[PDB]
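Just start.tsv here, TSV, C-alpha atoms and all ligand atoms:
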chain	number	residue	atom	x	y	z
Y	1	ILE	CA	-93.24	-165.02	-38.26
Y	2	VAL	CA	-91.91	-163.85	-34.89
Y	3	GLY	CA	-94.33	-162.59	-32.23
Y	4	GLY	CA	-97.44	-163.67	-34.11
Y	5	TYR	CA	-100.17	-166.18	-33.53
Y	6	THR	CA	-101.56	-169.40	-35.04
Y	7	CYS	CA	-103.89	-168.25	-37.81
Y	8	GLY	CA	-106.35	-171.12	-37.70
Y	9	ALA	CA	-106.60	-173.70	-40.48
Y	10	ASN	CA	-107.41	-172.21	-43.89
Y	11	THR	CA	-108.26	-168.78	-42.44
Y	12	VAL	CA	-105.78	-167.23	-44.94
Y	13	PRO	CA	-107.01	-169.06	-48.03
Y	14	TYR	CA	-104.83	-167.11	-50.50
Y	15	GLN	CA	-101.63	-168.23	-48.71
Y	16	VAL	CA	-99.62	-170.77	-50.65
Y	17	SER	CA	-96.47	-172.71	-49.79
Y	18	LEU	CA	-93.83	-173.11	-52.49
Y	19	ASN	CA	-92.34	-176.61	-52.24
Y	20	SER	CA	-89.23	-178.12	-53.84
Y	21	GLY	CA	-89.09	-181.20	-51.61
Y	22	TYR	CA	-89.72	-178.96	-48.58
Y	23	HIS	CA	-91.40	-175.60	-47.94
Y	24	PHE	CA	-89.05	-172.77	-48.92
Y	25	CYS	CA	-91.17	-169.64	-49.55
Y	26	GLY	CA	-94.68	-168.30	-49.42
Y	27	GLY	CA	-96.86	-166.95	-52.19
Y	28	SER	CA	-100.34	-165.55	-52.79
Y	29	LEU	CA	-103.01	-166.88	-55.14
Y	30	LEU	CA	-104.25	-164.10	-57.42
Y	31	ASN	CA	-106.54	-166.11	-59.71
Y	32	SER	CA	-107.11	-169.81	-60.34
Y	33	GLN	CA	-104.07	-169.99	-62.63
Y	34	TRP	CA	-101.51	-167.63	-61.02
Y	35	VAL	CA	-99.49	-167.08	-57.85
Y	36	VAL	CA	-97.41	-164.04	-56.94
Y	37	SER	CA	-94.25	-164.40	-54.85
Y	38	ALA	CA	-90.79	-162.82	-54.40
Y	39	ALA	CA	-88.24	-162.96	-57.24
Y	40	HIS	CA	-85.63	-164.00	-54.70
Y	41	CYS	CA	-87.68	-167.19	-54.18
Y	42	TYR	CA	-87.09	-168.18	-57.84
Y	43	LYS	CA	-85.96	-171.74	-58.53
Y	44	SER	CA	-86.86	-174.42	-61.05
Y	45	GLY	CA	-89.08	-177.37	-60.06
Y	46	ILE	CA	-91.58	-175.53	-57.90
Y	47	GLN	CA	-94.71	-177.29	-56.68
Y	48	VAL	CA	-97.37	-174.88	-55.43
Y	49	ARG	CA	-99.23	-176.09	-52.33
Y	50	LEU	CA	-102.65	-174.55	-51.81
Y	51	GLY	CA	-105.13	-175.16	-48.98
Y	52	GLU	CA	-102.33	-175.84	-46.45
Y	53	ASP	CA	-102.35	-175.45	-42.74
Y	54	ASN	CA	-99.96	-178.05	-41.30
Y	55	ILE	CA	-97.33	-178.34	-44.04
Y	56	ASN	CA	-96.13	-181.72	-42.69
Y	57	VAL	CA	-99.55	-183.44	-42.47
Y	58	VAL	CA	-102.12	-184.15	-45.19
Y	59	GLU	CA	-105.27	-182.77	-43.55
Y	60	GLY	CA	-107.66	-183.01	-46.52
Y	61	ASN	CA	-107.96	-179.61	-48.15
Y	62	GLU	CA	-104.66	-179.43	-50.03
Y	63	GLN	CA	-104.08	-179.00	-53.72
Y	64	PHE	CA	-100.56	-179.68	-55.01
Y	65	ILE	CA	-99.96	-178.24	-58.50
Y	66	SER	CA	-96.67	-177.93	-60.39
Y	67	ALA	CA	-95.55	-174.59	-61.81
Y	68	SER	CA	-95.57	-174.49	-65.60
Y	69	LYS	CA	-93.84	-171.12	-65.91
Y	70	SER	CA	-92.14	-168.62	-63.66
Y	71	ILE	CA	-91.63	-164.98	-64.59
Y	72	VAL	CA	-89.22	-162.91	-62.48
Y	73	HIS	CA	-89.84	-159.17	-62.79
Y	74	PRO	CA	-87.93	-157.73	-65.77
Y	75	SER	CA	-86.01	-155.32	-63.49
Y	76	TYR	CA	-85.39	-157.52	-60.47
Y	77	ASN	CA	-82.04	-156.70	-58.85
Y	78	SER	CA	-80.76	-159.51	-56.66
Y	79	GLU	CA	-78.22	-157.35	-54.83
Y	80	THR	CA	-80.68	-154.72	-53.55
Y	81	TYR	CA	-83.95	-156.68	-53.94
Y	82	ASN	CA	-85.43	-153.83	-55.95
Y	83	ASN	CA	-88.46	-155.23	-57.84
Y	84	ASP	CA	-88.57	-158.38	-55.68
Y	85	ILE	CA	-91.61	-159.92	-57.35
Y	86	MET	CA	-92.31	-163.00	-59.47
Y	87	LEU	CA	-95.36	-164.57	-61.12
Y	88	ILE	CA	-95.90	-168.35	-61.22
Y	89	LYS	CA	-98.41	-169.95	-63.60
Y	90	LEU	CA	-99.91	-173.26	-62.52
Y	91	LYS	CA	-99.87	-176.26	-64.90
Y	92	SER	CA	-103.60	-176.73	-64.16
Y	93	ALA	CA	-106.08	-174.32	-62.65
Y	94	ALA	CA	-106.69	-174.58	-58.96
Y	95	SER	CA	-110.15	-175.65	-57.92
Y	96	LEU	CA	-111.34	-172.57	-56.06
Y	97	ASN	CA	-113.22	-173.04	-52.78
Y	98	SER	CA	-113.53	-171.52	-49.29
Y	99	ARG	CA	-110.05	-172.80	-48.36
Y	100	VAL	CA	-108.34	-172.05	-51.74
Y	101	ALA	CA	-109.12	-168.51	-52.79
Y	102	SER	CA	-107.58	-165.51	-54.51
Y	103	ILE	CA	-106.63	-162.22	-52.87
Y	104	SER	CA	-107.63	-158.97	-54.64
Y	105	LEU	CA	-104.94	-156.76	-56.17
Y	106	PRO	CA	-104.96	-153.11	-55.08
Y	107	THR	CA	-106.31	-150.30	-57.17
Y	108	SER	CA	-104.41	-147.79	-54.99
Y	109	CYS	CA	-101.57	-148.03	-52.48
Y	110	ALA	CA	-101.80	-148.17	-48.70
Y	111	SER	CA	-100.79	-145.20	-46.59
Y	112	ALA	CA	-98.52	-145.18	-43.56
Y	113	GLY	CA	-100.29	-146.46	-40.44
Y	114	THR	CA	-102.58	-148.83	-42.31
Y	115	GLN	CA	-102.83	-152.16	-40.53
Y	116	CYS	CA	-101.97	-155.34	-42.40
Y	117	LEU	CA	-101.93	-159.10	-41.97
Y	118	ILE	CA	-98.61	-160.87	-42.65
Y	119	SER	CA	-98.52	-164.67	-42.73
Y	120	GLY	CA	-96.19	-167.63	-43.26
Y	121	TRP	CA	-94.37	-170.74	-42.12
Y	122	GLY	CA	-91.07	-168.93	-41.41
Y	123	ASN	CA	-88.89	-169.00	-38.29
Y	124	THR	CA	-90.72	-167.95	-35.12
Y	125	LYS	CA	-87.56	-167.03	-33.12
Y	126	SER	CA	-85.72	-163.67	-33.05
Y	127	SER	CA	-82.70	-165.55	-31.68
Y	128	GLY	CA	-81.96	-169.06	-32.99
Y	129	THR	CA	-84.51	-171.11	-34.93
Y	130	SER	CA	-87.87	-172.82	-34.65
Y	131	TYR	CA	-89.94	-173.58	-37.71
Y	132	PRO	CA	-93.67	-174.08	-37.27
Y	133	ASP	CA	-95.89	-176.63	-38.96
Y	134	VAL	CA	-99.09	-174.58	-38.95
Y	135	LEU	CA	-99.54	-171.17	-40.53
Y	136	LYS	CA	-98.63	-168.13	-38.40
Y	137	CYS	CA	-100.17	-164.66	-38.62
Y	138	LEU	CA	-99.12	-161.17	-37.52
Y	139	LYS	CA	-100.95	-157.85	-37.51
Y	140	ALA	CA	-98.55	-155.00	-38.32
Y	141	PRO	CA	-98.82	-151.42	-39.53
Y	142	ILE	CA	-97.12	-149.82	-42.50
Y	143	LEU	CA	-94.43	-147.42	-41.25
Y	144	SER	CA	-93.58	-144.09	-42.80
Y	145	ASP	CA	-90.52	-144.22	-45.05
Y	146	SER	CA	-88.90	-141.44	-43.04
Y	147	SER	CA	-89.32	-143.19	-39.69
Y	148	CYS	CA	-88.15	-146.46	-41.16
Y	149	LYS	CA	-85.09	-144.99	-42.85
Y	150	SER	CA	-84.02	-142.89	-39.87
Y	151	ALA	CA	-84.43	-145.80	-37.42
Y	152	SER	CA	-82.75	-148.45	-39.55
Y	153	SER	CA	-80.37	-146.73	-41.99
Y	154	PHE	CA	-81.65	-149.20	-44.59
Y	155	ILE	CA	-81.39	-148.35	-48.26
Y	156	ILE	CA	-84.84	-148.85	-49.72
Y	157	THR	CA	-86.44	-147.88	-53.00
Y	158	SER	CA	-89.84	-146.51	-53.93
Y	159	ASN	CA	-90.77	-150.13	-54.70
Y	160	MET	CA	-90.44	-151.12	-51.05
Y	161	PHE	CA	-92.17	-150.27	-47.80
Y	162	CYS	CA	-91.45	-150.94	-44.16
Y	163	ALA	CA	-93.96	-152.57	-41.81
Y	164	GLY	CA	-93.87	-153.73	-38.21
Y	165	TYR	CA	-92.76	-152.36	-34.87
Y	166	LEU	CA	-89.59	-150.35	-34.23
Y	167	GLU	CA	-89.48	-151.62	-30.64
Y	168	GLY	CA	-88.86	-155.17	-31.89
Y	169	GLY	CA	-90.51	-158.48	-31.09
Y	170	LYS	CA	-92.92	-158.74	-34.06
Y	171	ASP	CA	-91.75	-159.36	-37.66
Y	172	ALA	CA	-91.57	-161.73	-40.62
Y	173	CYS	CA	-88.53	-163.98	-40.78
Y	174	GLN	CA	-86.63	-166.54	-42.84
Y	175	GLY	CA	-89.05	-168.81	-44.66
Y	176	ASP	CA	-91.84	-166.22	-44.83
Y	177	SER	CA	-90.34	-164.69	-47.97
Y	178	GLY	CA	-92.68	-164.39	-50.94
Y	179	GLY	CA	-95.74	-164.47	-48.74
Y	180	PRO	CA	-98.56	-161.95	-48.38
Y	181	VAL	CA	-99.05	-158.62	-46.64
Y	182	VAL	CA	-102.81	-157.91	-46.91
Y	183	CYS	CA	-104.13	-154.46	-45.88
Y	184	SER	CA	-107.79	-153.48	-46.08
Y	185	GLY	CA	-108.59	-156.48	-48.26
Y	186	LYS	CA	-105.84	-156.00	-50.85
Y	187	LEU	CA	-102.43	-157.60	-51.43
Y	188	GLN	CA	-100.16	-154.61	-50.76
Y	189	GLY	CA	-96.91	-156.39	-49.87
Y	190	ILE	CA	-94.71	-159.39	-50.48
Y	191	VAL	CA	-92.28	-160.48	-47.75
Y	192	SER	CA	-88.88	-159.45	-49.15
Y	193	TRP	CA	-86.03	-158.78	-46.71
Y	194	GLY	CA	-84.84	-157.40	-43.40
Y	195	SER	CA	-81.92	-157.49	-40.96
Y	196	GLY	CA	-82.35	-160.39	-38.58
Y	197	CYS	CA	-85.91	-160.78	-37.36
Y	198	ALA	CA	-87.89	-158.71	-34.86
Y	199	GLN	CA	-84.83	-156.65	-33.85
Y	200	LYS	CA	-85.17	-153.13	-32.50
Y	201	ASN	CA	-85.08	-150.44	-35.21
Y	202	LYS	CA	-84.93	-153.06	-37.97
Y	203	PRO	CA	-88.48	-153.44	-39.33
Y	204	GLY	CA	-89.46	-155.78	-42.17
Y	205	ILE	CA	-89.12	-154.69	-45.80
Y	206	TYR	CA	-91.83	-155.59	-48.29
Y	207	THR	CA	-92.25	-155.32	-52.06
Y	208	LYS	CA	-94.78	-152.55	-52.79
Y	209	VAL	CA	-97.32	-154.49	-54.85
Y	210	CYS	CA	-99.46	-151.51	-55.87
Y	211	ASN	CA	-96.59	-150.38	-58.15
Y	212	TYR	CA	-96.75	-153.74	-60.03
Y	213	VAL	CA	-100.46	-154.26	-60.69
Y	214	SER	CA	-100.30	-153.08	-64.31
Y	215	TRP	CA	-97.36	-155.45	-65.00
Y	216	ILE	CA	-99.17	-158.29	-63.19
Y	217	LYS	CA	-102.37	-157.80	-65.18
Y	218	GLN	CA	-100.67	-157.46	-68.57
Y	219	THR	CA	-98.39	-160.47	-67.88
Y	220	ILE	CA	-101.37	-162.63	-66.92
Y	221	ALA	CA	-103.33	-161.45	-69.98
Y	222	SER	CA	-100.46	-162.45	-72.33
Y	223	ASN	CA	-99.42	-165.77	-70.77
J	301	LIG	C1	-82.87	-164.68	-40.24
J	301	LIG	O1	-82.26	-164.76	-41.54
J	301	LIG	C2	-81.93	-163.55	-42.26
J	301	LIG	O2	-80.77	-163.16	-42.30
J	301	LIG	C3	-82.97	-162.75	-42.97
J	301	LIG	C4	-84.34	-163.41	-42.97
J	301	LIG	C5	-85.52	-162.54	-43.37
J	301	LIG	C6	-86.14	-162.76	-44.61
J	301	LIG	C7	-87.23	-161.99	-44.97
J	301	LIG	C8	-87.72	-161.02	-44.09
J	301	LIG	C9	-87.12	-160.81	-42.85
J	301	LIG	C10	-87.64	-159.80	-41.89
J	301	LIG	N1	-87.04	-159.60	-40.77
J	301	LIG	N2	-88.72	-159.08	-42.18
J	301	LIG	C11	-86.02	-161.59	-42.49
J	301	LIG	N3	-82.61	-162.65	-44.39
J	301	LIG	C12	-82.65	-161.47	-44.73
J	301	LIG	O3	-82.97	-160.67	-43.90
J	301	LIG	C13	-82.36	-160.93	-46.09
J	301	LIG	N4	-81.74	-161.77	-47.09
J	301	LIG	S1	-80.42	-161.23	-47.80
J	301	LIG	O4	-79.41	-161.36	-46.79
J	301	LIG	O5	-80.08	-162.07	-48.92
J	301	LIG	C14	-80.63	-159.70	-48.26
J	301	LIG	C15	-80.50	-158.61	-47.39
J	301	LIG	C16	-80.71	-157.29	-47.81
J	301	LIG	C17	-81.07	-157.02	-49.12
J	301	LIG	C18	-81.30	-155.60	-49.60
J	301	LIG	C19	-81.19	-158.09	-49.99
J	301	LIG	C20	-80.98	-159.39	-49.57
J	302	CA	CA	-101.06	-180.15	-45.04
What do you get writing this file as structure tokens?
Ligand SMILES: COC(=O)[C@H](Cc1cccc(C(=N)N)c1)NC(=O)CNS(=O)(=O)c1ccc(C)cc1
Ligand SMILES: [Ca+2]
Amino acid sequence: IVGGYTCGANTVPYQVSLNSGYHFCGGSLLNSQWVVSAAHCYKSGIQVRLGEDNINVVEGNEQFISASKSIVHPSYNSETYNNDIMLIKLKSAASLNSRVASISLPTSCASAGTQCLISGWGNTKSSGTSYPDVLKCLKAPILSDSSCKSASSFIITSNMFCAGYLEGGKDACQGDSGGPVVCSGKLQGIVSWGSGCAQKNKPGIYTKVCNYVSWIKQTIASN
């Protein structure tokens, strides 16, 4: 997260870190047994880390639980990142508490201009690299598709939205992928892609979660 702020320990209790020896992506807890992340974060041997603030220090509220199954969206396209969404089932249910908690799925989508909270342990620099230990947070609005497309020339699909600031300085970044975009109490986005980080006229691109809720619910019901 570039241009954000330190969230405060466990203030984003649905935020998970995906670990394969090291943090590599974010995720969001959606019930005690399931995490949602980006398909482009898929790998085998994922350990889900819940209750994290400092990812390099055991502070006392963590739960480390191995993935038992990962399910990449049936129509995920790795070239364009269309349908960049994945479900991860935990080998054992998380013990839910004030620091390890689910985020509600939307019943309807979020409109342009709606303010959201984006969070993660990604790079905090727009030029070069610096990776934080504690969770970072950013408030950012959803942009209209037309403004986003005209400013950026990005090719996006109806399964993506743009959020951030066209002027630059505030954005998600490498290492935030898979993590949450929460707007008005609902998980509306997953950190997916962009061009650099926090560059002018290059806002962040997010998987549009509202389009996937029926798939999420039926997948969870059957697995
Ligand atoms: C700094 O490193 C990068 O090049 C960015 C990081 C990144 C990741 C996620 C979000 C942002 C953001 N600024 N909001 C930035 N990667 C990428 O930006 C994308 N990875 S990518 O290069 O593999 C890629 C690019 C474009 C498509 C359609 C699909 C995949
Ligand atoms: Ca920790």
**Item:** Surroundings of ligand CA 302 (chain J) up to 8 Å, based on all atoms listed in the file, as a ChimeraX atom specification
**Value:** /Y:51-62
How would the residues just picked look written out with C-alpha atoms as a compact mmCIF listing (two decimals), in the frame of the given file?
# COMPACT_ATOMS: atom_id res chain seq x y z
CA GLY Y 51 -105.13 -175.16 -48.98
CA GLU Y 52 -102.33 -175.84 -46.45
CA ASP Y 53 -102.35 -175.45 -42.74
CA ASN Y 54 -99.96 -178.05 -41.30
CA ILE Y 55 -97.33 -178.34 -44.04
CA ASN Y 56 -96.13 -181.72 -42.69
CA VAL Y 57 -99.55 -183.44 -42.47
CA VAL Y 58 -102.12 -184.15 -45.19
CA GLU Y 59 -105.27 -182.77 -43.55
CA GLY Y 60 -107.66 -183.01 -46.52
CA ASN Y 61 -107.96 -179.61 -48.15
CA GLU Y 62 -104.66 -179.43 -50.03
**Asked** Using all atoms listed in the file, which protein or nucleic acid residues are at most 7 Å from ligand LIG 301 (chain J), as a ChimeraX atom specification?
**Response** /Y:78-81,171-177,191-198,203-205
**Prompt:** Between Y:96, Y:9, Y:182, Y:166, which is the closest to residue Y:28 once you count all atoms listed in the file?
**Reply:**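 For residue Y:28, the nearest of the given residues is Y:182.
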**Prompt:** With distances taken over all atoms listed in the file, which of Y:202, Y:186, Y:139, Y:23 is nearest to residue Y:109?
**Reply:** Y:186
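The gap separating atom CA of residue Y:63 from atom CA of residue Y:107 is 29.0 Å, in Å to one decimal.
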**Message:** At a cut-off of 9 Å, using all atoms listed in the file, what residues contact residue Y:145? Leave out same-chain residues fewer than 2 positions from it and give the result as number ranges by chain.
**Reply:** Y: 112, 143, 147-150, 156, 161-162
Could you give me, as a short mmCIF file (atom, residue, chain, number, x, y, z; two decimals) with C-alpha atoms, in the frame of the given file, the residues within 10 Å of residue Y:223, counting all atoms listed in the file and dropping anything in the same chain fewer than 2 positions from it?
data_model
loop_
_atom_site.label_atom_id
_atom_site.label_comp_id
_atom_site.auth_asym_id
_atom_site.auth_seq_id
_atom_site.Cartn_x
_atom_site.Cartn_y
_atom_site.Cartn_z
CA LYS Y 69 -93.84 -171.12 -65.91
CA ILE Y 71 -91.63 -164.98 -64.59
CA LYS Y 89 -98.41 -169.95 -63.60
CA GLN Y 218 -100.67 -157.46 -68.57
CA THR Y 219 -98.39 -160.47 -67.88
CA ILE Y 220 -101.37 -162.63 -66.92
CA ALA Y 221 -103.33 -161.45 -69.98
#
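Atom CA of residue Y:94 is found 7.7 Å from atom CA of residue Y:65.
Among the candidates Y:140, Y:201, Y:99, Y:131, the residue lying nearest to residue Y:154 is Y:201 (atoms considered: all atoms listed in the file).
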**Message:** Counting all atoms listed in the file, which residue out of Y:46, Y:187, Y:13, Y:2 sits closest to residue Y:128?
**Reply:**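 Smallest separation from residue Y:128 among the options: Y:2.
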**Fill in**
As a check of understanding: the span from atom CA of residue Y:111 to atom CA of residue Y:210 is 11.3 Å
**Item:** Spatial neighbours of residue Y:158, max dist 10 Å, all atoms listed in the file, sep filter under 4 positions, as number ranges by chain
**Value:** Y: 82-83, 145, 207-208, 211
**Prompt:** Got a sec: who's within 6 Å of stretch 33-45 of chain Y, counting only C-alpha atoms, leaving out chain neighbours fewer than 2 positions off, as a PyMOL selection string?
**Reply:** chain Y and resi 27-31+72+84-90+93+178
**Prompt:** Counting all atoms listed in the file, which of Y:20, Y:188, Y:199, Y:159 gets nearest to residue Y:77?
**Reply:**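 That would be Y:159, the residue with the smallest distance to residue Y:77.
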